[PDB]
Structures are given as C-alpha cells and as structure tokens.
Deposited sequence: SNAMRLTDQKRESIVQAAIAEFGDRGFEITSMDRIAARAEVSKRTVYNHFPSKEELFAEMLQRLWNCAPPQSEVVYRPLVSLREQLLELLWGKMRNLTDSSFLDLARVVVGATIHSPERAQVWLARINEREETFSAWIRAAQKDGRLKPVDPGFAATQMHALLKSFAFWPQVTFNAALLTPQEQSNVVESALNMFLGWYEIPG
C-alpha cells in the first residue's frame, strides 16, 4: 500500500519534466496535469528540490551459509534485471539523468547521495566466508552492475532502446554471472 495521490503528482512531474525539461517546468504546470490544486501539490512537495529529492531516492534505490554462490547470485542478478526492465523506472531514470547531466548543483546532490547497497553487501559477506577473492566490495559490485546496465539500462536511458526480451535478459544475466564468478570465486 502506497499513497496514490503522491504517485499522481510524481507521475505528472516525470511527464512534464520529460516534456518541458526540469528547470522550465513549474509546480502549477505539474498541478495542471496531476489534475490537482496548486495547493495539494505544495503539501506533498514544498519545492522542486524536495520533489527532485524524492525522485532521486526512488532511482538508485532500485548472503547464505552454503547454497552455491551461483544459485544465490543468479537470483540477485534477476532481481536487479526485473527492476531495470520496468518502463516506469526507465522513465524516472531518464528524467533524473536528464536533470543532472548539465546541472552542477543537481550533480552534487547525486554524488553526495551516492556516498551512503545490495550487491556490495553480499560480496563483502561472500568474502568473509572465504568464497570470493579479496577486492573492494564496491569495485566488484560496479562491474557486476555494469554487466547488466550496459544492456538493460544505458541503451534505454540514453537512446530509448527497447526493453530486453526475456531471452536477451537471461543471456546477459548468465554471462554476467559466468564472467563475474569466473574471476572472483575461490572454488570450494
């Protein structure tokens, strides 16, 4: 159960920022298409900053004893792939990237907020159990993420590429897995 009127306003924000661009889009233009009163808009978000803050949070927001690393890591990779293959997520991603790319102040809120995650937590756990090779958990997670995002995120965000078909999806997951564990696994 989430709040459907918040979502209404967020949705219109995405659409409008997608249409007009972020900085030229006003709270009343948003309200006009949320089909809401300027008033109920300010209640939820007192400013575009506070609204941008919420969109950001939403964005990059999306280890077991001995079941095989493979089995459990397959499952992780699928979780992240199912999230990437959501067009409402790609949309938000697009407007957020679009809003930060040529905006220094917005870049510095991105980058202060990307200094405080799942793949990382696991790699560190897998390492303590002596099943993965010593490396900075964050260094390893980035590669992990890159092996998926390079097919299922960036093309879509930058070029409006199609979603991956399921065949394509497991294809990319599978080689990511194979490549990743290939290099990092200490075999037990």
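- Ranges missing from the model, given as deposited sequence positions: Several regions go unmodelled: 1 to 5, 68 to 75, 130 to 131.
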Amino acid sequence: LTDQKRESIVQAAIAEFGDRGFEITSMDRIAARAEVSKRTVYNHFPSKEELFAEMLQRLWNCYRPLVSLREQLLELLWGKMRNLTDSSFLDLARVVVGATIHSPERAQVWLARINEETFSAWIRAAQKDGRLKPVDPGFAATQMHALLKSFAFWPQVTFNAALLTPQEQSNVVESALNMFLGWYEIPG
From here on, numbers count along this sequence of modelled residues.
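- Query: On average, which has the higher Cα B-factor in the deposited entry, 89 to 97 or 105 to 113?
  - Reply: Averaged over C-alpha atoms, the B-factors run higher in 105 to 113.
- Going by the entry, which third of its chain does the Cα temperature factor of residue 145 land in? Middle third - that is where residue 145 ends up once the chain's C-alpha B-factors are sorted.
- Query: Would the CA B-factor of residue 127 place it in the lowest, middle or highest third of its chain?
  - Reply: It belongs to the middle third of the chain when residues are ordered by C-alpha B-factor.
- What third of its chain, lowest, middle or highest, does the C-alpha temperature factor of residue 70 fall into? Highest third of the chain for residue 70's C-alpha B-factor.
- residue 121, C-alpha B-factor rank within chain (lowest, middle or highest third): Top third by C-alpha B-factor.
- Query: Once the chain's modelled residues are ordered by C-alpha B factor and cut into thirds, is residue 58 in the lowest, middle or highest one?
  - Reply: As the PDB entry reports it, the C-alpha B-factor of residue 58 lands in the highest third of its chain.
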